[PDB]
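My questions all concern the structure below.
Chains here go by letter, A, B, C, D, E, F and G, matching the order in which they are written, and residues are numbered from 1 within each.
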Amino acid sequence: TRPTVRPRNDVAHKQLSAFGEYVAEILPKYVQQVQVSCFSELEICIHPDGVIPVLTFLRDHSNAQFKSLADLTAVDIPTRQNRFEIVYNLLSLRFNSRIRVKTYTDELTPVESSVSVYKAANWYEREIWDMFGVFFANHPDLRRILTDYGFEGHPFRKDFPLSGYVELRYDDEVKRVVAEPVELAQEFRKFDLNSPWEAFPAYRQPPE
Amino acid sequence: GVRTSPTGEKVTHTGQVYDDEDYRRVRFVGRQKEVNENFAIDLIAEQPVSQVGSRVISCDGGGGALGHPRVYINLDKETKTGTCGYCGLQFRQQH
Amino acid sequence: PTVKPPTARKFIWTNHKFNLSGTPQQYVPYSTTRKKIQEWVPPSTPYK
Amino acid sequence: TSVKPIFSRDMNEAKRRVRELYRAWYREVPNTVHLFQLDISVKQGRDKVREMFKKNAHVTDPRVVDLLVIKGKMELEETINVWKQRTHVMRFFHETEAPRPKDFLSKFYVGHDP
Amino acid sequence: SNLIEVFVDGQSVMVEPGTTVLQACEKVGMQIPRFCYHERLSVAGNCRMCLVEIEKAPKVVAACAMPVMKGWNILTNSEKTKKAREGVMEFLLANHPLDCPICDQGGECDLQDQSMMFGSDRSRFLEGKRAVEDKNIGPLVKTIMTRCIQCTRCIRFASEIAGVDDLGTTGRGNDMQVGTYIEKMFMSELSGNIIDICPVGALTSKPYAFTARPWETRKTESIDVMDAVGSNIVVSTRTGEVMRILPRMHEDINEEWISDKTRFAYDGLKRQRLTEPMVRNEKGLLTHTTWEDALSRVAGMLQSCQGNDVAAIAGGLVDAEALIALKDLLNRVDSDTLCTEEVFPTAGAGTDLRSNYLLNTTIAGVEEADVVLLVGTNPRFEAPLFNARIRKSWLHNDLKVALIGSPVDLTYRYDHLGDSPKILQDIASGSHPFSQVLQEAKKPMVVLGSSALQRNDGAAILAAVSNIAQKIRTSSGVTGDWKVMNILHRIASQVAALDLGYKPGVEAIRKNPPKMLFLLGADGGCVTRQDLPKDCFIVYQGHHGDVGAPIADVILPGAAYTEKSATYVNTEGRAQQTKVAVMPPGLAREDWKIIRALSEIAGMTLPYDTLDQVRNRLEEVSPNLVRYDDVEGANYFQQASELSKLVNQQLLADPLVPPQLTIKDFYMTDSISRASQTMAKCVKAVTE
Amino acid sequence: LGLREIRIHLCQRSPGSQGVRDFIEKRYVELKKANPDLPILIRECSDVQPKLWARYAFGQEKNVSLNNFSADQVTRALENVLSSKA
Amino acid sequence: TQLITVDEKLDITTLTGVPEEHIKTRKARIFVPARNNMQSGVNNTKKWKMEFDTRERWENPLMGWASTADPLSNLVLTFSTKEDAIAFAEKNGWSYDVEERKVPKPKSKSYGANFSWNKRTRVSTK
């Protein structure tokens, strides 16, 4: 298993599991799950109402010092009743490490903003509202940053189609760029690429 | 050997030709209809048949790695010539 | 190519053509497939 | 059934926010018409605002109407400051689309839309 | 309970004795790789893909054949299991030709998928592969035996399910070929199903060959309408064009098979279609005309009638929605002369009770029976999958089959009692040993074919069979849950029309001739212009123009069964719905939409606009039509038997000859099949 | 101008249809002998309340609820429906 | 407290931004997809698929490409079981048709049945 297989590190896995136990024991009010992946990456899953009292801990404790906010992401999983999965990625420079803090929300449930902790989120979660529809409480300046000004609907939801609902064209009748219902010259060919055999035995879910 | 429909249009090797009442022929006025004059079937038709000394024969299309994957053709029958799946070449046995 | 000529083939063009856009020999796209669904031609005989 | 509120505790506060949004839009319709050099009357824009407000007037959930009020505030902020264009304001008034058929006979003549 | 406990990967599970290792691993949730094992075929065990290791045992066992024992721990993903799978893949791909880019199985091939997910990634074979000469078995299966792996599903299907016993394995060793040893045309009613059970690309659908590819196709579930079985199918289309038809999985109807007519009617579905309304010109030649003019002409000629001067004939491919729409439209004009092509006797109970015109038990009830008595039918060509179910019960359940009619082949052995209908009169009076055979039976079954009811004395035969069934049901050992009187149908639109209250047969029109006739795809020619008055306004509403379209005055193009959402009821009373795969070509619309638009333009507008309102109307007239995939039992055979005993009808001594005898009369049945090139090729192949 | 067809929807198992079942169990037979040309369509289903649909001339329809009815009450119901003739 | 009580059905048609005609006139379909009969794997029949109907797909005037007008023609959603699919379908106001899954019956396979003595299950060839 030497040349074509990725090497496995166990000291980093043990240290990340120890830090996960440390975090889950320091904060038992909001932390739900702690899991270390196979490629040595820690994940903390907490309650949404504990987004803010956890993160500042990871920004201010001497044993964590996760001073950088790398990426902030929401993931749409329509199976769960809380279809939006907010993901904070934190980087600690003094200890040279990376952590992931995950939480959940639905459409109508507000989430407490993180601009009081990391100022970069002042843009990041704002883009989330532009793409998914997750409302963030006490945001300083919340407005759409990527989509069009008159755009209705959140495009990154999985129920939103690939092509939109309106397409633009110039009109000499009104001398204006107008929006019309979408009519494609060629349909987007949907491909069925999933092999019908069992993919991995180690990731086998139990049946009903 | 292109055939001419009596609407004036040349006919492609796929057999497509616009009918005399079709309006889409107005896309060809003031311009030309581009059609390949090298028909594939009429160019593979005159290629001679090779007699081999064994029951089965391997075809790769020539050039080694520059052709099609190598396929083995059985020539057990004495009525039809064994034609290659990819290249269209046909082999047979001298018996 | 004066010392290394290309291999001769029966389908290689004997004359090169420049860009023909804007001229009456320019390329226009068209479908290369026949009619997909045929139509019921009515009979020519009287119905009585 | 226990949910977290955002701004509106009950339906009365949400209706108060709706009335505030309509007040602001009725205030800012003439300035939107004058500043963008829109070639329509003030009454057309004001009754367009009324038509949209009556169109979205079927909701009984405080959170949904609260989010509608927030999105109306976003539209008001994008209109009050000149961030939109003439086409963005005129996109509400569909002027290029032909009137679609509505009765069954005309839709049967046109196509397969059920 | 005698369920013993076994282990899969250290996890306990309880199974019945006789459960294989493959079945236990499937019960836990891992699908063991296989090539020759099939869950509806006999176990062969001659590919060794299913080799797994039981712990504390120095040999790998075949999971497809070996039964489990108590305490067995099946190591499904240990080292030696993977070594055995990799060796089997190396041996399987040692002689396989490099034919994937010319193959029609590419993208849907079991060998490629199992080679990637279980086999190795490079070849140690440095020698020459074998090359097997190709054969031919008809114009339905393109035959390339170079790609066969000798899995022997061909022989097991042709011997067990199809029951023809012509395929075999000739040779010994590496030169063994799966063929027929002669120039024999393998042609049965379920031939094309072998194309479904070839894990490699050895056998290919010939009309489908070199036309499409699985990953670019869209799959739409639908219902088969070419017979009254009601098979569930999947139509795979490519960019708004139907490409191929595959069977679905339904353990009560069509388990994973379809007939060849279902498989190959699509190329005739895409030919000779009606794409525009046609009206008569000044001469009388049918010329094209927009929707408004034709609908106005029909409404103007319809408003001039009142009473029994309008009628309606429904073809074999009509949904219940258009049936109820035309029923409401002609009830506004107050005409009750609504007729179907196929004749059913209304004497006695008639179409009032549901118990005397359905396959009353189930399709699957043949598994719970032991004596079956067919009366004047040929179920091999009328309902081929019902015949396959009877054959399955004959093989496994040890059935006892008999037939009263012409000596026609049924792909098994039956008791030919003669073609005289008077033999039925022998069974009711006990003057035959078969009366005692039915008497000592536990769960008997009497099946009466629809083709025996289309003669001039169908009522007498129905009365005799009903008397026989009610004599067995009371005098013999029938508990009460079991139902004895069954009727097999052959038209998908017959049961749905009879459930809505239509008058079966065309005798009502022939009694009093109308001045306006409505045809819903009535290409059977039940009536012609010699059975009608001088000035008749015949209106045709169908997709294919075959027989009733040249004689029509106004032609209204409609939608086929793959082009509209349609509610169909099979021969057992189960209701099913089809789905739209491709929109109808040209200016053709859905049939009930045409009827509703005609009613709206005539001032007799019906109170439904969309499909859900029509289904609400269907629930209003008969609720069982809106309960999908749910069969409802129809009781009260006793009342029908009591009502059928009054009018004593005399029989006929003519032999009970079904109209379909050989395979050459099976392909040409309906309008879709009559305008097909594959069907004409099949007829030319079987008649030569 | 007349009665054209009668429809009786009922259930197979629910006790609310039970008396209606008794009608078909006891008094349907000669009823079919009473009217030789009136189609009385009996429709049995799984979980449907009893009903009686009577179609009159020119598409007129009448609905009479038959839930929790005895044999005599349902006999009076069909007798009134037959004696309407409107 | 910081919590309120809402006792109404979740209807978010007004916040998804979809047009009206693609809300009331579209019939969604929730189903377990059937196994492709050309293959033998059953991994593709593990999760529920929510799809929509098929609208018109006409030919292009240039080369006859599949020109369409439905924006929801390629929308396929995957749900773990039936109840969340029904909840999501009723959450966006889409009228739905639900088909129950069809589990195959566990057969009783015997290898010795091909070699019986007094039964019809004797195979003719092997």
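Assume a residue touches a chain if its C-beta (ideal position, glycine included) is under 8 Å from a C-beta of that chain, and two chains touch if they have at least 3 such contacts.
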Pair of chains joined by more contacts [C-beta pairs], E-F or D-E: E-F
Take the average of all CA coordinates in chain F, do the same for chain G, and state the distance between these two points in whole angstrom. 40
Chain E and chain G, separation of their C-alpha mean positions in angstrom: 23
Find the geometric centre of each of chain B and chain F from their Cα atoms only, then give the gap between the two centres in Å, rounded to an integer. 73
Where chain C and chain E are represented by their mean Cα positions, the distance between them in whole Å: 44
At least two partner chains per residue is the criterion; list those residues in chain D. 3-4, 61, 63-64, 67, 112, 114
Where does chain A touch two or more other chains at once, residue-wise? 108, 181, 187, 189-190, 195-199
Could you list the positions in chain C whose residues touch two or more of the other chains? 30-31, 33, 36
Chain-chain contacts as defined at top: A-D, A-E, A-G, B-C, B-E, C-E, C-G, D-E, D-G, E-F, E-G
In the complex of these two chains, what residues of chain D are touching chain A? 3-4, 6, 61, 63-64, 67, 70, 74, 77-78, 83-88, 90-91, 95-97
Inside the complex, what are the residues of chain E that reach chain G? 16, 18, 20, 23, 27, 31, 34, 39-40, 42-45, 65, 105, 108-110, 113, 152, 155-156, 159-160, 165, 168-169, 196, 199, 214, 218-221, 234, 239-240, 246-251, 256, 394-396, 398, 579-583, 610, 612, 628-629
In the complex with chain B, residue positions of chain C that touch it: 10-11, 24-28, 30-34
Spell out the residues on chain G that touch chain C in their complex, using ranges where they run on. 59, 62-64
Touching residues of chain G toward chain A in the complex: what are they? 10, 12, 15-19, 22, 35-36, 39, 41-44, 57, 60, 62, 65-69, 71-81, 84, 87-88, 92
